[PDB]
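Only one chain is included here, represented as structure tokens and corresponding to the form deposited in one PDB entry.
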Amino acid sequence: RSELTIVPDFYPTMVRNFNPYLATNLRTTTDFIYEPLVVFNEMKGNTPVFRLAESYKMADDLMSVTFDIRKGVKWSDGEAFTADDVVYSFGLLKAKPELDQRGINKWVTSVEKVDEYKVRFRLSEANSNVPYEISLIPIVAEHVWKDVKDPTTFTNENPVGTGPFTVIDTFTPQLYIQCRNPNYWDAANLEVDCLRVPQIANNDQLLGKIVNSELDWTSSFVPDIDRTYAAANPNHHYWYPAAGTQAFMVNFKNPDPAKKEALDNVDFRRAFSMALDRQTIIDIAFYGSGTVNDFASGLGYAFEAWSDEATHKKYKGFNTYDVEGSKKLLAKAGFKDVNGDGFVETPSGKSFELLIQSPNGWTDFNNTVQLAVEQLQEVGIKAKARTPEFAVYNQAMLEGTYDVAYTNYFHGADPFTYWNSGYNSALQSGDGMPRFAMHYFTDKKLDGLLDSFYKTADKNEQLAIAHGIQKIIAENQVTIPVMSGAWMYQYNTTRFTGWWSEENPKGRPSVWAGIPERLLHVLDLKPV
């Protein structure tokens, strides 16, 4: 019996709840207990990997999509998994929207049974991203939940699932073990017998147990990881691939004529960007946990699959640490120190200072701004750090009164989330809008491409649209991308091999609930 010790989440004690539709439950329910129809491998162009369903096909009118259920799969119950399950699950969520945590009801008007192994989702809007959203919705057993009178309080203590681990072998306040689904449709590929889940309340307890080498799969913050964890045992490894993008946003419509002259000048934005030492910002402010983002478009290395490598290389130098190139471009653009103070004045000769915003209390971001100032000062740019409370820091962006601001962004399964929220002009106005697109740069074509990204299910066409967005953003150096956050993930080779890593980058390695790829990951694990 091979047991794999995982820590998808911390708890003060173990409470037996495997209801996939409750916000508060056990983090080993989705993906291990209830297998999705498809798990999309986001790190790899968001390519779908077929599980419970064999295939899906959107109509050319993109208002509906059908999935073909794989024949022969069973519930740990012994019962057959069919379209009836899919239809029932979505109906349950449609009828009781509070069970719909992802808000799928927004997209799916109804789910109909085409036949025992084929289901059709009807949509309320043309959107080729719906199959992806559908993949994230857990499917339960109709023959079981139909008799569940209260799905909103049901704790599902003796789960009947389609996933690899459905048997609750041990359950106590300090530990639970979830073992192999005896009817698992893909048992041949499952070599781990059980999931050993130890109760760990916080980072302190995890650190102590992880350095002792008693864990296999974790996704927790580990302080001074090279010293504490890595050097304690040669089987101690970790891999932190790229995540969400972080950057300095410049205000194109700065109300101060002098500042605008600088910010609303592509060459100045490029100079500003060449002065930054990205790797140092990651090593100092973020303790080495992050990835350099030298994409002018901010695409980042989490989506290198979508990148037009030519557009990347063409502007990559404007987003690389280059002190002398910076001083030179500024010189060429007219930004000269006429005053004699050591700081560059606008080309029309006006003096200026740039206030760089970061929310009060966000230490890593505050330190980043402080480093940016020191670095900007080396190229003649006068900048000063400021740390207003988030509300003010946010209002200043929505009102367009700020100069420069460091910020992170949401991170999607593909570049869309970043590019749309961060650059779509329609988001720069209206009541209740976030700060993400508030740089006030506008371009009718760019918007056109963003609004068409999901208006085609033709991958290569979509891919072309991606390249089109990338070129517009990069050539205008709209913002100054700095880094990509890190996906937390540590693995131990003492008991298993096959782990994903920098050397074997099959996908997002985290063990967290919310990372569907974890199912494919556990399947690559082989005991020692």
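Residues carry their position along the shown sequence, with the first being 1. Whichever C-alpha set is largest while still superposing within 1.5 Å between the two forms counts as the rigid core. Only residues modelled in both forms are compared.
Keep in mind that the form deposited in another entry is missing from the display, and what follows is about it.
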Superposing on the rigid core, does the Cα of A372 end up 2 Å or more away between the shown form and the other one?
yes
Establish whether a shift of 2 Å or more occurs at the C-alpha of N189 between the shown form and the other one, with the two forms superposed on the rigid core.
no
Direction of C-alpha distance change in the other entry, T47 to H467 (at least 3 Å):
farther
Closer or farther apart in the other entry, the C-alpha atoms of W487 and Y409, for a change of 3 Å or more?
closer
Mobile segments between the shown form and the other one - rigid core superposition, Cα shift of 2 Å or more, 3+ residues
245-286, 290-453, 455-484
